[PDB]
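Right, one structure below, let's go through it.
Values below: every heavy atom of this structure, side chains too, minus hydrogens, waters and symmetry copies. Note on naming: letters A, B, ... go to the chains in the order of the sequence lines (proteins, then strands), and numbering restarts at 1 for each one.
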Amino acid sequence: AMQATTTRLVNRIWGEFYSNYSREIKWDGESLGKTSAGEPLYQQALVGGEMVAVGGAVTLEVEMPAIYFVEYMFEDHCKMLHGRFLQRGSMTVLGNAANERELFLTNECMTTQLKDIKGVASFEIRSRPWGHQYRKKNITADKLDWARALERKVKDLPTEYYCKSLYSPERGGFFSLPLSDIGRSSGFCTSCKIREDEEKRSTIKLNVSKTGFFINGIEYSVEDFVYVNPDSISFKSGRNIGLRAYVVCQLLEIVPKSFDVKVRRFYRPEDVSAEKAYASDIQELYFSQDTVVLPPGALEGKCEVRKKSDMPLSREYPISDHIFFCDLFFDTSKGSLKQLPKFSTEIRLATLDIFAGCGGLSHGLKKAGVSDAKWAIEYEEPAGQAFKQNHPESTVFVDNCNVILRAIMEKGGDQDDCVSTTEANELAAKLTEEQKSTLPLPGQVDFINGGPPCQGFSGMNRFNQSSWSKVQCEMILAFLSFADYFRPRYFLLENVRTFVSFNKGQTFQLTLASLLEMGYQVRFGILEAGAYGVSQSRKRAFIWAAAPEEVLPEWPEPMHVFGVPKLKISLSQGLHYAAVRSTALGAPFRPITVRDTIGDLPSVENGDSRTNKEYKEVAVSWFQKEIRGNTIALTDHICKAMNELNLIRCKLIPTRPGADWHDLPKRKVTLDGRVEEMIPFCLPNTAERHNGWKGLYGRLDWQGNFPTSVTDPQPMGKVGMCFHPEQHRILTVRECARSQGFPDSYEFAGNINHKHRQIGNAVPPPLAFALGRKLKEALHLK
DNA sequence: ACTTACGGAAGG
DNA sequence: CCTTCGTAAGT
Ligand SMILES: Nc1ncnc2c1ncn2[C@@H]1O[C@H](CSCC[C@H](N)C(=O)O)[C@@H](O)[C@H]1O
Ligand SMILES: [Zn+2]
């Protein structure tokens, strides 16, 4: 319940949203060259007295006039000018959080006569050096710039605009300026060439040798292995049943018609039965002799099909390899599976994890090879204990982030740049010298990640205007202040999907506006955790930020079928951005089900409290072999104890898909001597406004998926689906951890409520691993 | 320390 | 027009 401790930059950005806020036209000079069409190229000109030059900006009438950064000028004797659009900040995803003097370069350009220019706008390109050591100089320069801008605005003088980033709504973010590709004055525009290449890579182009084509840039050819959409050849938490994956085919022939492709076919284990898909590798295929003639537009990508001997030695949980293996033959007519009677042949960053929790993000990030987890901050004792247990080489501060930040800023001597409450200062002054000597200092942290609390942004929160929820939503400012003070090379933020829509997006827009103020490149997206190898409907919003000299990571490619449409962020002007595709209509791998996740764990009764057990059966599914590994000790296979009435209700729920409280008979039970009603009073009382409370007192489906992991699985909770598919009990701690992708060797601390809170709060380790892989690729790109 | 009671907006 | 996805008050 502490007000966030912030630097003055973040405090100034958020303002009131912070609780603790404190006609003559003539060429100038000679020519310098000619275009490919023999047109002289000039660099300087005069248009009615005002001066136009390559690298400046010009104005066109449109309501505010449009601004165009001049790329080149040339001459019919008609004077011409090519310019790239400079979008204003208010017309971007920033909205009302943008400055009135900042312009963003876009990939849209136009050619216009010099007579159409309304005037010349004072325009500069801003490129400040990056580093924590330039913060004070940047602060002084920004104060001077603000004073000059206010002075000019008082006297009604023309505005002076600056540009430091390029706005990509198609890539969804703000990237670094290609300073070497703009203002060349050579008759060649990079955006024009990019547009031409994008237009070219869209049509059907049969190759010269009549053996392949160029669908969407991909160069398919005969004997290649391709993906085909399965359509071209429900209850709560069970919407993935009936969803099929990509049909893997071999390009056999190019049948002339403007042509068609004749392909063979491969069968997956799930095409035989659901029991065969359970006990089978996710990358297994069956040879068949069925050929289909398809249009060339039905192909969805390329893959490799090997034998079991030539499969890659490295095995990862989040599978990013488009490699399958074929060993058996599926007879379509008989339905049998027989044997086969042309297949295929340093950067670790010192990391600070704020709001660490039990270490779900840190585990995946450091498993990918990009994070060190050198420092962690987590103010809850059980979660900090779990983090220390799972990352023994990490320095964990079990303290408020607003106190750790105050201690860090006070250690560095920047007490005048800290906006903190008296309580934060008093608690920071009460830190022993041992902890104040191991605190991180700016220049030692190259990566800051972590997810601030989402309980104030979640749509479940009925009371999101209370003091507690308003304080929880204020932890964004402390995270941004950590990023501003330390200035790491990379920055990662995770929150709920509703974080981008909360308060009309004003919290989201004010976040990017902060990161852009520090001089970052910011990109945003929304990812579904169930498309990366878990049986869970978990939609999370991610924000990547990088220094101007670094490369922004790409988004991981989902490889599992999941019944979730495209998750779009609304930018502005009716535009939307989807970070990744939707795998509902096809993906390389089949969805993970509940039985694949928790099918092999031994049965336990209600209220089991044995924290140490032994595995009874061996792993069967592909998930169980990957989630257990070499673990021989079963930990935290314990479930919460239900009272007599709740246990009585649980035993009367049928063990069939779609079962919930609607199947409870209407009768009076006697427990003690108390007489109660079997059906809870609150469920039919407000069922009309809550979709009938579907899923409450509901069992999981063996072929479905787990619902969203909450910090307190209850029978009568907004989720509801917490009962075992076959056992009269709630899901154990270990089962809820497996549903989140946690390896069986992971440890949790506290009582059962603390462990459940730890699991329900954590980022799925597979998603963190995928993000870390993308970050590793970005780091190697530099 | 548990158990019950339960609003409304963003996307489709 | 369904389909998602935690905090307070009462024992
Ligand atoms: N002000 C604060 N200072 C430090 N930790 C905080 C905090 N406010 C909330 N937290 C912690 O942040 C955690 C949620 S973030 C979840 C942990 C992490 N994202 C993961 O993937 O595992 C909670 O457990 C809470 O204890
Ligand atoms: Zn151009």
Report the relative orientation of the aromatic rings in [X] and [Y]; use parallel for angles under 30°, tilted for 30 to 60°, perpendicular for over 60°.
X	Y	value
A:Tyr317	A:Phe623	perpendicular
A:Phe491	A:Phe479	tilted
A:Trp693	A:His690	parallel

Requested in this report: Quick one: list whatever passes ring-ring contact (aromatic ring centres under 6.0 Å, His included) with A:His756, sequence neighbours left out.
Outcome: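 None.
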
Report task. Please list, chain by chain and in numerical order, all residues satisfying ring-ring contact (aromatic ring centres under 6.0 Å, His included) with A:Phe508, sequence neighbours excluded. Result ->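 Only A:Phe524 meet the ring-ring contact (aromatic ring centres under 6.0 Å, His included) criterion with A:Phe508.
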
Requested in this report: Tell me which residues in residues 729-741 of chain A put a heavy atom below 4.0 Å from DNA chain B, sorted by number, or none.
Outcome: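 Those residues: none at all.
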
Query - Strand contacts (DNA chain C) in residues 704-725 of chain A, 4.0 angstrom heavy-atom criterion - result: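 The stretch gives A:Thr708, A:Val710, A:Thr711, A:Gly717, A:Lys718 as the residues lying under 4.0 Å from the strand, ordered by number.
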
Query raised in the report: Which residues in residues 664-675 of chain A have at least one heavy atom lying under 4.0 Å from any atom of DNA chain C?
Result: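 Residues of residues 664-675 of chain A under 4.0 Å from DNA chain C: none.
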
Which nucleotide in [options] has an atom nearest any side-chain atom of [X]:
X	options	value
A:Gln455	B:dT3, C:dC2, C:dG6	C:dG6
A:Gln472	B:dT4, C:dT7, C:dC5	C:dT7
A:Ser458	C:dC5, B:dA10, C:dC2	C:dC5
A:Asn753	C:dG6, B:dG11, B:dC2	B:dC2
A:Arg462	B:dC2, B:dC6, B:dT3	B:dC6
A:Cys682	B:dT4, B:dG7, B:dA10	B:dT4
A:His690	C:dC5, B:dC6, B:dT4	B:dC6
A:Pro565	B:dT3, B:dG12, B:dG7	B:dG12
A:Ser466	C:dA8, B:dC2, B:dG11	C:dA8

Does [X] make a side-chain N or O approach to OP1 or OP2 of [N] shorter than 4.0 Å?
X	N	answer
A:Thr498	B:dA9	no
A:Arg239	C:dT4	yes
A:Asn643	B:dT3	yes
A:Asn461	B:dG7	no
A:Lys568	B:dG12	yes
A:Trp468	C:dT7	yes
A:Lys539	C:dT4	no
A:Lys236	C:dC5	no

**Report entry** A:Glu528 vs A:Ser467, nearer the 5' end of DNA chain C by closest nucleotide
**Finding:**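 With A:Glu528 and A:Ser467 compared, the 5'-side residue is A:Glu528.
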
**Report entry** Which atom of A:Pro707 lies closest to which atom of A:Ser237, heavy atoms considered
**Finding:**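 Closest pair (atom of A:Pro707, atom of A:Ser237, distance): CB-OG, 3.6 Å.
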
Requested in this report: Let me know the distance between NZ of A:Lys470 and P of C:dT7, rounded to the nearest Å.
Outcome: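 Computing the A:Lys470:NZ to C:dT7:P distance gives 16 Å.
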
Query raised in the report: In whole angstroms, how far is the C1' atom of C:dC5 from the CH2 atom of A:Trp693?
Result: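 Distance check: A:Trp693 CH2 to C:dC5 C1' gives 11 Å.
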
Query raised in the report: Is there side-chain contact between A:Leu515 and A:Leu480, with heavy atoms separated by less than 4.5 Å?
Result: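 They are in side-chain contact.
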
Query - Base-paired stems in DNA chain B, each at least three Watson-Crick or G-U pairs under 3.5 Å - result: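 Stems found: B:9-11 with C:2-4.
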
Query raised in the report: Cationic tip of A:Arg595 within the cone over A:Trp702's six-membered ring, i.e. under 6.0 Å and within 45° of the normal?
Result: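 Judged by the rule, A:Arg595 and A:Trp702 form a cation-pi pair.
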
